[PDB]
Amino acid sequence: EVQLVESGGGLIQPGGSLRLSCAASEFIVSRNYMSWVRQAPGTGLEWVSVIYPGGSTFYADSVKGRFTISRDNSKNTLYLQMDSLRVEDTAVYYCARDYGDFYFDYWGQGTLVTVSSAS
Amino acid sequence: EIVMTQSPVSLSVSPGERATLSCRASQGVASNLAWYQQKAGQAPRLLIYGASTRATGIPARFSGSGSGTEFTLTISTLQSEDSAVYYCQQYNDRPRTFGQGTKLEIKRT
Amino acid sequence: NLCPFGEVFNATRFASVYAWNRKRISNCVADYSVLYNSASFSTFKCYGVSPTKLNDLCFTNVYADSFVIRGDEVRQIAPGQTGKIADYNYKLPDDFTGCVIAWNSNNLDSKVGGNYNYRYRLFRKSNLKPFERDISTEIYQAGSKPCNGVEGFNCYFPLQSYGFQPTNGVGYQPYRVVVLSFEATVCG
């Protein structure tokens, strides 16, 4: 039973904050190379972040400083602190377990984030 | 960073013709290229890692090859279920950069 | 007597970066400008003491730490660096006195078809302490299952092997790295 259930995505203000989630099963987030990949329509599927086992946080140049990956180790829950959001972040955000810092072996179903001025 | 260019940007193939998909690189990636298959409304499932290795549950129909800067993915028998968008990324330099994806479609009557 | 840098910097076979070789240098006179003026090294920058002025200084003991990494991550052999090699293979403390020599070894450590002997630790449960050595080839526990020493899904061998070619890029070529540490027996 391999799952990666993602929550927390939704409409937020542009210039707001988000606290995404990825509730794993059958592999522990805390000891696997976990990563966030965003898929924006019109542009390509694009890598956002990665966290190493215990390890460290690495980010893309378009998200560096404003984004923050921060797992939890009481339950398998990979987060993505997502602050100072701009309108070029309208994308489906996938949490994805990596093998090494190489390839996104398994992917979650994704959660969509819309950042614009509507209700 | 390495800019991948899937050249057959849309390819419509009859159900069984051994379709062949390719992506080149802006730099050199040794055997370091992956392949991904994203069906409609689904996460992109991994097809081939290291440009030549079918991972898990991936049948022998997918036959990706190539190395250095020229890469190939070969879909063998082309059922209806293979209609998806096929991506490629690199491993070698950070960031890991995907291609633009190849939209492959099957033909019926 | 002269300190035996000759078989440190010109050994015929270095060690891998997860199993980084260490030699103790004690009770000898060391010349460092013979190392400095050689210009066979692509990377020689020193932290804590200048290379010209460390010929005039004395230490109790000096550790020579040699391994082979890919040429892209010689950047990770520095105080306060993160990565696979800086966290799971070879960690330097932030208060680092000592310095690092790295030179290209494409002509020796890379063969046609792949010199796959050099390995690095890919999966590890936690970051390394500074100057800590790990060898253990226990099957890594990516998941929550008794792997019991056999691989499979979510049970990985923790040692990824380097792939070295004479045709690939300069940063993907094998770089031999010698790391010197300083702690009164070893003077100039």
Could you go through segment A:52-71 and let me know if any residue there is closer than 29 Å to residue B:57 by Cα and surrounded by fewer than 14 Cβ atoms within 10 Å (Cβ to Cβ). no
Just need a number here: residues in segment B:60-98 that are of a type outside the set (D, E, K, R), more than 9 Å from the chain's Cα centre (by Cα) and not in a strand (DSSP E or B). 11
Single condition residue C:76 does not satisfy, out of (1) assigned by CATH to the domain that holds residue C:20; (2) surrounded by fewer than 17 Cβ atoms within 10 Å (Cβ to Cβ): (2)
If you take the residues in segment B:22-51 that are outside any strand (DSSP E or B) and surrounded by 15 or more Cβ atoms within 10 Å (Cβ to Cβ), which one is farthest from the other protein chains (Cβ to nearest Cβ)? B:51
Residue within segment A:79-102 that is surrounded by fewer than 19 Cβ atoms within 10 Å (Cβ to Cβ), under 11 Å from the mean Cα position of the chain (by Cα) and outside any strand (DSSP E or B) present: no
Can you work out which of the residues in segment C:166-175 that are crowded, with 20+ Cβ neighbours inside 10 Å and within 18 Å of the chain's Cα centre (by Cα) is farthest from the other protein chains (Cβ to nearest Cβ)? C:175
Hey, any hits in segment A:92-109 for a residue that's out of contact with any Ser or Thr (no Cβ under 8 Å at 6 or more places or on another chain) and more than 9 Å from every other protein chain (Cβ to nearest Cβ)? no
Only one of (1) in contact with a strand residue (DSSP E or B) (Cβ under 7 Å, 6 or more places away or on another chain); (2) surrounded by fewer than 20 Cβ atoms within 10 Å (Cβ to Cβ); (3) over 19 Å from residue C:73 (Cβ atoms); (4) more than 13 Å from chain A (Cβ to nearest Cβ) fails for residue C:107. Which number is that? (1)
Would you mind finding the one in C:149, C:143, C:163 that is more than 20 Å from the chain's Cα centre (by Cα) and more than 10 Å from chain A (Cβ to nearest Cβ)? C:149
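All of this is worked out from the model, or read from it or from the source named; nothing here is a laboratory result. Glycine gets a Cβ as well: all are built from the backbone with ideal geometry, and neighbour counts include every protein chain shown.
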